[PDB]
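Report on the structure given below.
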Amino acid sequence: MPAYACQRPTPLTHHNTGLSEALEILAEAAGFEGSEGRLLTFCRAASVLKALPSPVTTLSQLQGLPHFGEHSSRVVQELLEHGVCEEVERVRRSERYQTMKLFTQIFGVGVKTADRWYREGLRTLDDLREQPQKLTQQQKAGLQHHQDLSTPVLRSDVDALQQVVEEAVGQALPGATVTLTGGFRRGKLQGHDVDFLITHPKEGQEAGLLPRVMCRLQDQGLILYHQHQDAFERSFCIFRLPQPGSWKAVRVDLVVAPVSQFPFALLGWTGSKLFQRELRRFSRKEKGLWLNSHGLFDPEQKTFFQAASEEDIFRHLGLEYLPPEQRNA
DNA sequence: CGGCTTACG
DNA sequence: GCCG
DNA sequence: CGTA
Ligand SMILES: Nc1nc2c(ncn2[C@H]2C[C@H](O)[C@@H](COP(=O)(O)NP(=O)(O)OP(=O)(O)O)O2)c(=O)[nH]1
Ligand SMILES: [K+]
Ligand SMILES: [Mg+2]
Ligand SMILES: [Mg+2]
């Protein structure tokens with residue numbers, strides 16, 4: 001079992017679901033407390049279990065697995081022996097965890113904002129609604145749409161959304177394309193949002209595209225919130241999606257890249273978040289190359305790698321290719 | 001011990 | 001919290 | 001700060 005998540009396939013569904021869930025509770029709780037190193041280790045240990053070919057049934061099967069030391073092994077041991085881990089259950093029922101989870105779910109609220117509200121004594125969404133002076137416009141939109149945004153987006157919703165985005169994109173710039181990215185490209189059947197990557201085959205034609213796309217969608221009445229409702233290339237918006245006899249709010253992320261950068265942008269925005277962190281760490285620490293969603297930089301030659309495909313990028317990094325479905329770290 | 005992904009809005 |  |  002390799003030490004980096006980008007060195008092994010990780011399928012969406014696997015054989016250690018309960019164990020990985022518990023470790024991810026501890027990871028999440030570590031993040032709420034600002035302990036990013038502990039979050040990383042608990043996330044990595046959970047991901048190792050996702051990559052295993054069969055269920056862990058005995059403690060001895062953790063021998064030699066990377067990212068399993070005293071703490072993560074004790075969590076697994078307790079789950080194997082009793083079906084529950086006391087530390088995990090204490091986190092689950094704690095007021096701090098439940099409130100930080102609730103608050104950071106709000107679009108526009110991160111750990112730092114949630115933690116400040118917690119320290120001020122706020123605990124519920126209605127507590128926030130009674131203090132609208134504390135809220136940015138983004139947070140007001142996240143708070144008002146929170147119920148809809150807590151409802152999973154279905155794969156059957158995604159096709160309808162892509163067609164409406166493609167219509168606006170085609171008027172904004174004929175020839176521009178829309179590619180589904182994020183969790184749905186990795187094979188997920190539901191999601192917290194829908195992620196799209198937009199480009200044009202002629203380099204440079206994509207300059208200035210996203211404002212034109214957003215104004216066309218807003219004219220169609222489809223945009224419940226976006227940050228520009230001057231030049232921008234990413235938009236994190238709330239969209240109006242049809243439902244039977246009604247509509248529901250859905251989060252949609254739109255990103256524009258030049259076609260020269262499209263393989264890097266596709267790789268970055270396809271995720272998973274941990275897969276990409278691991279891939280970028282691998283690139284820098286093991287290969288001495290700097291990876292981001294725009295390119296891959298050799299800091300000694302001071303040169304950028306040209307890539308025509310995701311396959312190119314894996315080859316550059318000396319990694320076996322993983323299709324999106326196996327990037328579910 | 002230092003390190004822990006890396007951008008744009 | 002774990003790795004190198 | 002937020003988003004990814
Ligand atoms: N490098 C990097 N990439 C990131 C980061 N955050 C997001 N991405 C990339 C990788 C992510 O795949 C992509 C957008 O994915 P999401 O919509 O944030 N989540 P997903 O679609 O997996 O699941 P669901 O939506 O159902 O919760 O942006 C980050 O901090 N760093
Ligand atoms: K949030
Ligand atoms: Mg997504
Ligand atoms: Mg997204």
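Protein chains get the first letters and strands the later ones, always in sequence-line order, with residue 1 at the start of each. Both backbone and side-chain heavy atoms feed into the values below; hydrogens, waters and symmetry mates do not.
Contacts of A:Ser72 with the nucleic acid, taken as non-hydrogen atoms under 4.0 Å apart, involve only primed sugar atoms and P, OP1 or OP2. In this structure, A:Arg251 reaches the sugar-phosphate backbone alone: every heavy-atom distance under 4.0 Å involves primed, P, OP1 or OP2 atoms, never a base. The residue A:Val109 sits close only to the backbone: its heavy atoms come under 4.0 Å of sugar-phosphate atoms, none of a base. When heavy atoms are screened at a 4.0 angstrom cut-off, A:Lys273 is found touching base atoms of the nucleic acid. Contacts of A:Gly37 with the nucleic acid, taken as non-hydrogen atoms under 4.0 Å apart, include base atoms. Using a 4.0 Å heavy-atom criterion, one finds that A:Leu39 contacts no nucleic acid atom at all. Nucleic acid contact class of A:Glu233 (heavy atoms, under 4.0 Å, all strands): sugar-phosphate only. Counting non-hydrogen atoms under 4.0 angstrom, A:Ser35 reaches nothing in the nucleic acid. Using a 4.0 Å heavy-atom distance criterion, A:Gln139 is classed as making no nucleic acid contact. Counting any heavy atom pair closer than 4.0 Å across all strands shown, A:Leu210 reaches no nucleic acid atom.
The six-membered or imidazole ring of A:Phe42 lies near that of A:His71, with a centre-to-centre distance under 6.0 Å. Taking the ring centroids of A:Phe32 and A:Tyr97, they lie under the 6.0 Å cut-off.
For A:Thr41, no side-chain nitrogen or oxygen approaches OP1 or OP2 of B:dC4 to under 4.0 Å. Checking the phosphate oxygens (OP1, OP2) of D:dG2, no side-chain nitrogen or oxygen of A:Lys112 falls inside 4.0 Å. Contact between the side-chain N/O atoms of A:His228 and the OP1/OP2 oxygens of D:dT3 is not found at any separation under 4.0 Å. Contact annotation: A:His71 side-chain N/O to C:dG1 OP1/OP2 distance is under 4.0 Å. In this model, the phosphate group of B:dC4 is not approached by any side-chain N or O of A:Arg44 to a distance below 4.0 Å at OP1 or OP2. Taking side-chain N and O atoms only, A:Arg38 has a distance below 4.0 Å to OP1 or OP2 of C:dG1. At the phosphate of B:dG9, neither OP1 nor OP2 sits under 4.0 Å from any side-chain N or O atom of A:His226. Between A:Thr136 and D:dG2 there is no side-chain N or O to OP1 or OP2 distance below 4.0 Å. Look at A:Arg280 and you won't find any side-chain N or O under 4.0 angstrom from OP1 or OP2 of B:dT5.
At a threshold of 4.0 Å, the pair A:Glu24-A:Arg92 does not count as salt-bridged, since none of the basic side-chain nitrogens sits closer than that to a carboxylate oxygen. The pair A:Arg155-A:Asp157 does not count as a salt bridge, with every side-chain nitrogen at least 4.0 angstrom from each carboxylate oxygen.
Between A:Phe264 atom CZ and B:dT5 atom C1' the separation is 16 Å, expressed in whole Å. As a whole-Å value, the separation of A:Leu40 CG from B:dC4 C1' is 5 Å. Summarising the geometry, the separation between NZ on A:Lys285 and P on C:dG4 is reported as 13 Å, rounded to the nearest angstrom. The CZ-P distance, from A:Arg284 to B:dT5, rounds to 10 Å in whole Å. Across the protein-nucleic acid pair, A:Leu274 atom CG and C:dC2 atom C1' stand 14 Å apart, rounded to whole Å. In this structure, CG of A:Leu289 is placed 12 Å from P of B:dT6, rounded to the nearest angstrom. We find that CH2 of A:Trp290 is positioned 9 Å from P of B:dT6, with the value rounded to whole Å. Nucleotide B:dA7 holds its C1' atom 9 Å from the CH2 atom of A:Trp269, rounded to whole Å.
As rounded to the nearest Å, B:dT5 and C:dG4 have P atoms that lie 15 Å from one another.
A donor-acceptor pair under 3.5 Å links the side-chain atoms of A:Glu278 to the main chain of A:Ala5, judged by distance alone.
Within the 4.5 Å cutoff, side-chain heavy atoms of A:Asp115 are placed close to those of A:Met100. A heavy-atom distance below 4.5 Å is found between the side chains of A:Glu87 and A:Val75.
Residue-to-nucleotide proximity on DNA chain B shows that, of A:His294 and A:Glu36, the 5′-proximal contact is made by A:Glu36. Closest-nucleotide positions on DNA chain B for A:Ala231 and A:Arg281 were compared, and the one nearer the 5' end corresponds to A:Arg281.
Which of C:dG1, B:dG3, B:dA7 sits closest to the side chain of A:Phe42 comes down to C:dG1.
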